[PDB]
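As C-alpha cells, one chain now follows by itself in the form deposited in one PDB entry.
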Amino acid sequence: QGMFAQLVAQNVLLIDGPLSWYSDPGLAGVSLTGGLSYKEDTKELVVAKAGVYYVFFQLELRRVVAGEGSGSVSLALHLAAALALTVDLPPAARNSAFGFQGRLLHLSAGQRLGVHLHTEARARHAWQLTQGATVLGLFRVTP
C-alpha cells in the first residue's frame, strides 16, 4: 500500500532524447505501487489518482574514457519543464558528477510524466550515465 514510485533509467550513452525506464519492482531500486504505471511505448509514468506529489530526480555520470570529455548534461521532466537539472562534466581531476532536484507538483488524473536528456558536451563518448543511479521518484503528500 501507499502511493509512490521510483524508476531506474535503462540508458547509458549520452544521446539527446527521452529516457527509457525500468519499472519492474523485482529490480533493485525500482518501486511501483497501484495508481502508478509505466507506459513502455511512450516512456511515460502515468499517474492515475490526482493530487500533490513530491517529485524528484537525480543524475549520476561517470567518466568512461580517461583524459577526455567536457561540458554539461541536463534532465527535464515534462508533463515548459516541471522539473529541470543540469550537471557539469569536469575536464580531466575526478571521474564522477551528481545532481539532485525535488519539488512539490500537483498532478492531474491520468497525468503522464516523461523525462528528456540533453547533452551540451565535447567528446560525449567519454561520459556515460552511471547504471542504477539515474532515477525518477515520487510519493503522494495529499491524503
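By rigid core we mean the largest C-alpha set that fits within 1.5 Å across both forms. Quick note: we count residues from 1 along the sequence shown, nothing fancier. Shifts are known only where both forms have a C-alpha.
This protein has a second form, the form deposited in another entry, left out of what is shown; the following refers to that one.
Residue from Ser31, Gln58, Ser74, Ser70 whose Cα, after superposing the rigid core, lies 2 Å or more away between this form and the one not shown:
Of all the options, the C-alpha that shifts by at least 2 Å belongs to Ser31.
In the other form, shift in Cα separation for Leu27 relative to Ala50, 3 Å or more
Distance between the C-alphas of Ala50 and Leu27: shorter in the other form, by 3 Å or more.
Pin down for me whether the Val30-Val55 Cα distance shrinks or grows in the other form relative to this form (closer or farther, change of 3 Å or more).
Compared with this form, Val30 and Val55 lie farther apart in the other form.
Taking the rigid core as reference, consecutive runs of 3 or more residues that move 2 angstroms or more in Cα between this form and the one not shown:
Only one moving run appears between this form and the one not shown, namely 23-32.
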